[PDB]
Every structure is written in C-alpha cells, then in structure tokens.
C-alpha cells in the first residue's frame, strides 16, 4: 500500500484594474494543471485580491474576477475540470503588503491558489 500527498501554492499578479493573466504566469498555471491531472482527487482553492485603491464594490467584483480568470485558464486552456476548482474574492481586506508603496500594491493585486489532495 502507498499514498502520495500533493501540496501546491500558485501565485498570480495583475495590473491595475485588470483581471487578465500575463504570459509569464501561463507556465506556472500549466504546471498546476498537470499536477491536477496526476492527482484526480486534488482540488484547488483560488482566491483573488485587489490593492486598496478605487471603489469598494469595484474591488469586490475585480478580486472575484481575478480568481475566476485563473480558473478560466485552468478549465478552458488546460482541460482542468471546473467542478474541482473554487474561487472567491476578498477585495482589499487581506493585504500581503503595504498599499502606500507601488511595490506593495503590486503585491496585493493577486490571486493565490492552494492545491491539495492525495492519490
């Protein structure tokens, strides 16, 4: 008998007021897809964020759109089954850096996807 536990952490960043995925992240996303195909029971927790600039409602929608964009790539570009992926936006409520600098805001405009599962 044997078991193999899969743990992944994917990080995607976005430009201001955009939810499109840059080409530089595509390879990472392909890697995630590959692992999801190797671990059928694995699921992904995709969470989107925005920096603290702009309207609250706009950022609520944008953060969700960012997580859904990462899921869309996975499902439509990498054949990953949509039923295995969750998405959610947290607006600016969960910053990983200070919004007072352009580097910090750059860091907050992102999507973190945590993949877990065993086979």
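Residue numbers count along the first chain shown, from 1. In this text, rigid core is short for the largest set of C-alphas that superpose within 1.5 Å between two forms.
S.K.: Comparing against the shown form in 5 other deposited structures of this protein, which stretch has the larger RMS C-alpha deviation after a rigid core superposition, 48 to 56 or 77 to 85?
M.R.: It is 77 to 85 whose C-alphas lie farther from the shown form in 5 other deposited structures of this protein.
S.K.: Going by the mean C-alpha B-factor recorded in the entry, which is higher: 83 to 91 or 70 to 78?
M.R.: Higher of the two, by average CA B-factor, is 70 to 78.
S.K.: Mean CA temperature factor from the deposited coordinates, higher in 44 to 52 or in 27 to 35?
M.R.: So the stretch with the higher mean C-alpha B-factor is 27 to 35.
S.K.: For residue 110, return the chain-relative third of its C-alpha B-factor as stated in the PDB record: lowest, middle or highest.
M.R.: According to the entry, residue 110 has a C-alpha B-factor in the chain's middle third.
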